[PDB]
$ cat model-v4.tsv   # TSV, C-alpha atoms and all ligand atoms
chain	number	residue	atom	x	y	z
A	3	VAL	CA	-45.60	-29.15	29.96
A	4	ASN	CA	-48.03	-28.99	32.89
A	5	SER	CA	-50.83	-31.14	34.31
A	6	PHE	CA	-53.85	-29.07	33.18
A	7	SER	CA	-56.18	-31.28	31.11
A	8	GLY	CA	-59.15	-30.73	28.82
A	9	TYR	CA	-58.69	-27.00	28.19
A	10	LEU	CA	-59.48	-25.23	24.95
A	11	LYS	CA	-56.56	-23.05	23.83
A	12	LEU	CA	-57.78	-19.50	23.22
A	13	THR	CA	-54.40	-17.81	22.60
A	14	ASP	CA	-50.69	-18.41	23.01
A	15	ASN	CA	-51.07	-18.23	26.81
A	16	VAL	CA	-54.80	-18.42	27.73
A	17	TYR	CA	-56.73	-21.68	28.12
A	18	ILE	CA	-60.37	-22.19	29.16
A	19	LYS	CA	-62.45	-25.07	30.54
A	20	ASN	CA	-65.96	-25.63	31.86
A	21	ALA	CA	-64.97	-26.65	35.37
A	22	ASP	CA	-65.54	-26.09	39.07
A	23	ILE	CA	-62.39	-24.25	40.15
A	24	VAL	CA	-62.53	-26.01	43.54
A	25	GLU	CA	-62.50	-29.44	41.92
A	26	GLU	CA	-59.89	-28.32	39.38
A	27	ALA	CA	-57.61	-27.09	42.17
A	28	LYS	CA	-58.02	-30.29	44.19
A	29	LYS	CA	-57.02	-32.34	41.13
A	30	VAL	CA	-54.14	-30.28	39.73
A	31	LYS	CA	-52.84	-28.75	42.98
A	32	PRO	CA	-51.44	-25.85	40.93
A	33	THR	CA	-48.70	-23.55	42.10
A	34	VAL	CA	-51.18	-20.64	42.12
A	35	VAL	CA	-54.97	-20.59	42.36
A	36	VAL	CA	-56.60	-17.17	41.98
A	37	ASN	CA	-59.39	-16.17	44.35
A	38	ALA	CA	-62.09	-13.67	43.37
A	39	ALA	CA	-61.49	-11.67	46.56
A	40	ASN	CA	-62.92	-8.50	48.05
A	41	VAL	CA	-60.81	-5.86	49.81
A	42	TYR	CA	-61.69	-7.27	53.24
A	43	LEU	CA	-60.89	-10.86	52.27
A	44	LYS	CA	-64.37	-11.83	53.50
A	45	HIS	CA	-64.88	-15.07	51.58
A	46	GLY	CA	-68.63	-15.33	51.91
A	47	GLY	CA	-69.93	-16.36	48.51
A	48	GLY	CA	-69.15	-16.81	44.87
A	49	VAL	CA	-65.77	-18.32	44.02
A	50	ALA	CA	-64.31	-17.02	47.30
A	51	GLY	CA	-67.00	-18.65	49.42
A	52	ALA	CA	-66.49	-21.93	47.57
A	53	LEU	CA	-62.68	-21.90	47.82
A	54	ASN	CA	-62.81	-21.02	51.51
A	55	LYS	CA	-65.35	-23.78	52.25
A	56	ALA	CA	-63.05	-26.33	50.60
A	57	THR	CA	-60.25	-25.28	53.03
A	58	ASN	CA	-62.51	-25.92	56.04
A	59	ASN	CA	-62.41	-22.13	56.76
A	60	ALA	CA	-58.60	-22.10	57.09
A	61	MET	CA	-58.43	-19.56	54.24
A	62	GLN	CA	-60.71	-17.22	56.20
A	63	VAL	CA	-58.69	-17.61	59.42
A	64	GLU	CA	-55.46	-16.78	57.57
A	65	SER	CA	-57.16	-13.89	55.77
A	66	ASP	CA	-58.48	-12.33	58.99
A	67	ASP	CA	-54.94	-12.28	60.41
A	68	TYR	CA	-53.68	-10.70	57.16
A	69	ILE	CA	-56.29	-7.90	57.33
A	70	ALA	CA	-55.70	-7.30	61.05
A	71	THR	CA	-52.02	-6.70	60.26
A	72	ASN	CA	-52.16	-4.94	56.89
A	73	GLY	CA	-55.62	-3.45	56.43
A	74	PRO	CA	-57.79	-3.89	53.35
A	75	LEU	CA	-56.55	-4.46	49.83
A	76	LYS	CA	-57.12	-1.95	47.03
A	77	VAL	CA	-59.70	-2.60	44.34
A	78	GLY	CA	-57.47	-3.81	41.51
A	79	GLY	CA	-54.91	-5.13	44.00
A	80	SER	CA	-53.87	-8.52	45.32
A	81	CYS	CA	-52.00	-10.44	47.97
A	82	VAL	CA	-50.33	-13.85	48.01
A	83	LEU	CA	-51.42	-16.17	50.83
A	84	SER	CA	-51.36	-19.92	51.37
A	85	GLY	CA	-53.17	-22.22	48.97
A	86	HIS	CA	-53.99	-24.59	51.87
A	87	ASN	CA	-55.13	-27.98	50.51
A	88	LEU	CA	-55.94	-26.54	47.07
A	89	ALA	CA	-52.66	-25.12	45.72
A	90	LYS	CA	-49.24	-24.02	46.87
A	91	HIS	CA	-50.35	-20.37	46.92
A	92	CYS	CA	-53.58	-18.45	46.60
A	93	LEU	CA	-53.40	-15.12	44.78
A	94	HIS	CA	-56.33	-13.11	46.19
A	95	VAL	CA	-57.22	-10.59	43.46
A	96	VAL	CA	-59.85	-7.85	43.85
A	97	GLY	CA	-61.70	-7.09	40.65
A	98	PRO	CA	-64.24	-4.27	40.72
A	99	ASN	CA	-67.70	-5.25	41.97
A	100	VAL	CA	-70.22	-3.62	39.63
A	101	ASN	CA	-72.96	-4.23	42.21
A	102	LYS	CA	-70.99	-1.84	44.47
A	103	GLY	CA	-70.53	0.84	41.80
A	104	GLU	CA	-66.80	0.20	41.36
A	105	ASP	CA	-65.00	1.40	38.23
A	106	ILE	CA	-64.79	-1.33	35.58
A	107	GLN	CA	-61.55	0.20	34.24
A	108	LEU	CA	-59.91	-1.29	37.36
A	109	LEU	CA	-60.47	-4.74	35.83
A	110	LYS	CA	-57.30	-4.36	33.76
A	111	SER	CA	-55.32	-3.44	36.88
A	112	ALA	CA	-56.72	-6.53	38.61
A	113	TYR	CA	-55.59	-8.81	35.78
A	114	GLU	CA	-52.10	-7.24	35.79
A	115	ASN	CA	-51.48	-9.03	39.10
A	116	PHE	CA	-51.50	-12.33	37.17
A	117	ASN	CA	-48.31	-11.30	35.32
A	118	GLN	CA	-46.29	-11.79	38.51
A	119	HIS	CA	-46.86	-15.57	38.26
A	120	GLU	CA	-45.71	-17.85	35.45
A	121	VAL	CA	-48.78	-20.15	35.56
A	122	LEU	CA	-52.17	-19.71	37.26
A	123	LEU	CA	-55.53	-21.41	37.64
A	124	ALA	CA	-58.11	-18.64	37.74
A	125	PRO	CA	-61.74	-17.55	37.43
A	126	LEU	CA	-62.87	-14.68	35.25
A	127	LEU	CA	-62.38	-11.58	37.40
A	128	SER	CA	-65.47	-9.53	38.23
A	129	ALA	CA	-67.78	-12.21	36.78
A	130	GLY	CA	-70.55	-13.92	38.72
A	131	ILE	CA	-71.70	-12.00	41.79
A	132	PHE	CA	-69.26	-9.16	41.03
A	133	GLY	CA	-71.68	-8.24	38.23
A	134	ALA	CA	-69.43	-7.56	35.23
A	135	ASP	CA	-69.98	-8.94	31.73
A	136	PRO	CA	-67.93	-12.18	31.58
A	137	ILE	CA	-67.37	-11.72	27.83
A	138	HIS	CA	-65.72	-8.39	28.63
A	139	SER	CA	-63.73	-9.94	31.48
A	140	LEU	CA	-62.38	-12.58	29.10
A	141	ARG	CA	-61.39	-9.89	26.59
A	142	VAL	CA	-59.51	-7.91	29.25
A	143	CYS	CA	-57.83	-11.11	30.45
A	144	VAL	CA	-56.57	-11.97	26.96
A	145	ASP	CA	-55.39	-8.41	26.32
A	146	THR	CA	-53.67	-8.01	29.73
A	147	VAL	CA	-52.28	-11.32	31.01
A	148	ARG	CA	-49.03	-12.44	29.37
A	149	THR	CA	-48.29	-15.40	31.64
A	150	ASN	CA	-50.00	-18.78	31.26
A	151	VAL	CA	-53.56	-18.66	32.60
A	152	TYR	CA	-55.99	-21.57	32.85
A	153	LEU	CA	-59.52	-20.19	33.22
A	154	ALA	CA	-62.20	-22.27	34.93
A	155	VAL	CA	-65.79	-21.33	34.07
A	156	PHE	CA	-68.32	-23.02	36.37
A	157	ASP	CA	-71.44	-22.43	34.28
A	158	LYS	CA	-71.55	-24.68	31.21
A	159	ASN	CA	-74.01	-22.39	29.44
A	160	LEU	CA	-71.68	-19.45	30.04
A	161	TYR	CA	-68.65	-21.45	28.93
A	162	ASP	CA	-70.22	-22.18	25.52
A	163	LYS	CA	-71.14	-18.52	24.98
A	164	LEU	CA	-67.60	-17.37	25.84
A	165	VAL	CA	-66.02	-19.70	23.28
A	166	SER	CA	-68.51	-19.09	20.48
A	167	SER	CA	-68.24	-15.31	20.83
A	168	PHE	CA	-64.46	-15.22	21.32
A	169	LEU	CA	-62.67	-13.05	18.79
B	201	LIG	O1	-68.86	-15.92	39.16
B	201	LIG	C1	-68.63	-16.94	38.21
B	201	LIG	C2	-67.36	-17.61	38.74
B	201	LIG	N1	-67.65	-18.58	39.79
B	201	LIG	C3	-66.93	-19.78	39.81
B	201	LIG	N2	-66.05	-20.03	38.81
B	201	LIG	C4	-65.35	-21.15	38.81
B	201	LIG	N3	-65.41	-22.13	39.71
B	201	LIG	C5	-66.28	-21.88	40.72
B	201	LIG	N4	-66.57	-22.68	41.80
B	201	LIG	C6	-67.52	-22.07	42.60
B	201	LIG	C7	-67.86	-20.86	42.05
B	201	LIG	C8	-67.09	-20.72	40.85
B	201	LIG	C9	-68.35	-16.33	36.80
B	201	LIG	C10	-69.21	-17.03	35.72
B	201	LIG	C11	-69.02	-18.56	35.82
B	201	LIG	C12	-69.53	-19.08	37.19
B	201	LIG	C13	-69.87	-17.89	38.11
B	201	LIG	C14	-71.06	-17.16	37.44
B	201	LIG	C15	-70.69	-16.72	36.00
$ encode --input "model-v4.tsv" --output "structure tokens" --more "lines below"
Ligand SMILES: O[C@]1(CNc2ncnc3[nH]ccc23)C[C@H]2CC[C@@H]1CC2
Amino acid sequence: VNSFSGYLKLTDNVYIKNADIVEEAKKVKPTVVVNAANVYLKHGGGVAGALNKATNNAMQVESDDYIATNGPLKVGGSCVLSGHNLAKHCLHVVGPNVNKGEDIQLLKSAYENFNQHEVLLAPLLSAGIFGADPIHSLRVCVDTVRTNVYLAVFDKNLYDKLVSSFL
């Protein structure tokens, strides 16, 4: 039993809610919140911009030190950093950005990072400003993640389409 509330159960391990991931994180304070990161950990917009703003830019400061030490992530890769005031940990995961021409097959590799964590609050990878089809992202999530994932979908109109079209 966990403290996630109001989610629709899609499968054995995947749950979905129309919610602002920032507000969800502040309420639940989960062990792991997933960020929709880029390889440079430049949290300018989308989910990343919103999560970073909620940390008063502390996420960006930590991220800049991480990149200065380690260099960029791989598309499809991840790193674990602090969750600041939002969660114990933040799993920064880089899904392919279709608006940069990146290979959508890497979306499965991106979701595989979730399997290293028993429970996660997460957005749909590569959705929003990363330009992938969120219906496809949900399908890859369900077919790849085996740990317990609670998906927050900000857009209510999108949330309803994801549920009604879910196979
Ligand atoms: O890019 C996404 C993800 N963006 C977010 N998802 C959850 N909480 C959030 N808080 C701030 C931004 C944000 C994927 C779909 C739903 C919303 C947008 C556009 C389409």
$ closest_residue --input "model-v4.tsv" --among "A:140, A:147, A:43, A:109" --to "ligand LIG 201 (chain B)" --atoms "only C-alpha atoms and all ligand atoms"
A:140
$ axis_aligned_box --input "model-v4.tsv" --around "region 54-68 of chain A" --padding-each-side "3 Å" --output "lines of an AutoDock Vina configuration file"
center_x = -59.5
center_y = -18.5
center_z = 55.5
size_x = 17.7
size_y = 21.6
size_z = 15.8
$ residues_around --input "model-v4.tsv" --residues "residue 92 (chain A)" --least-positions-apart "4" --cutoff "8 Å" --atoms "only C-alpha atoms" --output "PyMOL selection string"
chain A and resi 34-37+82-85
$ closest_residue --input "model-v4.tsv" --among "A:107, A:87, A:99, A:117" --to "residue 144 (chain A)" --atoms "all atoms listed in the file"
A:117
$ residues_near_ligand --input "model-v4.tsv" --ligand "ligand LIG 201 (chain B)" --cutoff "8 Å" --atoms "only C-alpha atoms and all ligand atoms" --output "PyMOL selection string"
chain A and resi 21-25+48-53+124-132+136+154-157+160-161
$ atom_distance --input "model-v4.tsv" --atom1 "CA of residue 106 (chain A)" --atom2 "CA of residue 12 (chain A)"
23.1 Å
$ closest_residue --input "model-v4.tsv" --among "A:14, A:145, A:135, A:26" --to "residue 110 (chain A)" --atoms "only C-alpha atoms"
A:145
$ decode --input "model-v4.tsv" --residues "region 133-157 of chain A" --atoms "N, CA and C atoms" --output "mmCIF file, in the first residue's frame"
data_model
loop_
_atom_site.group_PDB
_atom_site.id
_atom_site.type_symbol
_atom_site.label_atom_id
_atom_site.label_comp_id
_atom_site.auth_asym_id
_atom_site.auth_seq_id
_atom_site.Cartn_x
_atom_site.Cartn_y
_atom_site.Cartn_z
ATOM 1 N N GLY A 133 7.685 15.920 -28.481
ATOM 2 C CA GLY A 133 7.110 15.737 -29.799
ATOM 3 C C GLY A 133 6.664 14.340 -30.176
ATOM 4 N N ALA A 134 6.738 13.356 -29.283
ATOM 5 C CA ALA A 134 6.257 12.029 -29.637
ATOM 6 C C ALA A 134 4.753 11.917 -29.386
ATOM 7 N N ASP A 135 4.155 10.889 -29.983
ATOM 8 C CA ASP A 135 2.741 10.592 -29.779
ATOM 9 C C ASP A 135 2.545 10.048 -28.368
ATOM 10 N N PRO A 136 1.807 10.739 -27.495
ATOM 11 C CA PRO A 136 1.635 10.233 -26.120
ATOM 12 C C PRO A 136 0.925 8.891 -26.036
ATOM 13 N N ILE A 137 0.041 8.573 -26.989
ATOM 14 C CA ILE A 137 -0.569 7.245 -27.011
ATOM 15 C C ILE A 137 0.505 6.178 -27.192
ATOM 16 N N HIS A 138 1.438 6.420 -28.114
ATOM 17 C CA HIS A 138 2.555 5.501 -28.302
ATOM 18 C C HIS A 138 3.429 5.427 -27.055
ATOM 19 N N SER A 139 3.733 6.575 -26.450
ATOM 20 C CA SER A 139 4.534 6.563 -25.234
ATOM 21 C C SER A 139 3.888 5.710 -24.149
ATOM 22 N N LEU A 140 2.567 5.819 -23.987
ATOM 23 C CA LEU A 140 1.889 5.007 -22.983
ATOM 24 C C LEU A 140 2.010 3.523 -23.305
ATOM 25 N N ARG A 141 1.875 3.168 -24.584
ATOM 26 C CA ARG A 141 2.008 1.773 -24.990
ATOM 27 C C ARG A 141 3.398 1.239 -24.653
ATOM 28 N N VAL A 142 4.442 1.998 -24.993
ATOM 29 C CA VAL A 142 5.803 1.565 -24.678
ATOM 30 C C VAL A 142 5.988 1.441 -23.171
ATOM 31 N N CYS A 143 5.458 2.400 -22.410
ATOM 32 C CA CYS A 143 5.547 2.322 -20.957
ATOM 33 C C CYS A 143 4.971 1.004 -20.450
ATOM 34 N N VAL A 144 3.743 0.689 -20.861
ATOM 35 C CA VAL A 144 3.064 -0.503 -20.367
ATOM 36 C C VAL A 144 3.823 -1.764 -20.757
ATOM 37 N N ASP A 145 4.403 -1.776 -21.952
ATOM 38 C CA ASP A 145 5.097 -2.949 -22.469
ATOM 39 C C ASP A 145 6.557 -3.036 -22.032
ATOM 40 N N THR A 146 7.063 -2.057 -21.282
ATOM 41 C CA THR A 146 8.470 -2.026 -20.890
ATOM 42 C C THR A 146 8.663 -1.983 -19.384
ATOM 43 N N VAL A 147 7.911 -1.139 -18.685
ATOM 44 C CA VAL A 147 8.087 -0.977 -17.249
ATOM 45 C C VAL A 147 7.386 -2.118 -16.524
ATOM 46 N N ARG A 148 8.117 -2.762 -15.611
ATOM 47 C CA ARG A 148 7.600 -3.845 -14.790
ATOM 48 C C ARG A 148 7.413 -3.455 -13.334
ATOM 49 N N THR A 149 8.053 -2.373 -12.900
ATOM 50 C CA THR A 149 7.868 -1.839 -11.567
ATOM 51 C C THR A 149 6.618 -0.955 -11.549
ATOM 52 N N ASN A 150 6.267 -0.456 -10.370
ATOM 53 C CA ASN A 150 4.992 0.234 -10.187
ATOM 54 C C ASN A 150 5.144 1.702 -10.566
ATOM 55 N N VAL A 151 4.439 2.118 -11.613
ATOM 56 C CA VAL A 151 4.572 3.462 -12.152
ATOM 57 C C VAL A 151 3.226 4.176 -12.097
ATOM 58 N N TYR A 152 3.259 5.380 -11.534
ATOM 59 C CA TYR A 152 2.116 6.269 -11.408
ATOM 60 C C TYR A 152 2.343 7.427 -12.369
ATOM 61 N N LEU A 153 1.554 7.457 -13.441
ATOM 62 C CA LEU A 153 1.722 8.409 -14.531
ATOM 63 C C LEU A 153 0.813 9.609 -14.320
ATOM 64 N N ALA A 154 1.412 10.795 -14.300
ATOM 65 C CA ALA A 154 0.689 12.054 -14.214
ATOM 66 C C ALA A 154 0.618 12.679 -15.599
ATOM 67 N N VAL A 155 -0.599 12.952 -16.053
ATOM 68 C CA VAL A 155 -0.860 13.584 -17.338
ATOM 69 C C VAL A 155 -1.480 14.945 -17.054
ATOM 70 N N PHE A 156 -0.763 16.011 -17.420
ATOM 71 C CA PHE A 156 -1.196 17.368 -17.085
ATOM 72 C C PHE A 156 -2.473 17.753 -17.820
ATOM 73 N N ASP A 157 -2.549 17.437 -19.106
ATOM 74 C CA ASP A 157 -3.638 17.906 -19.952
ATOM 75 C C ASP A 157 -4.851 16.995 -19.781
#
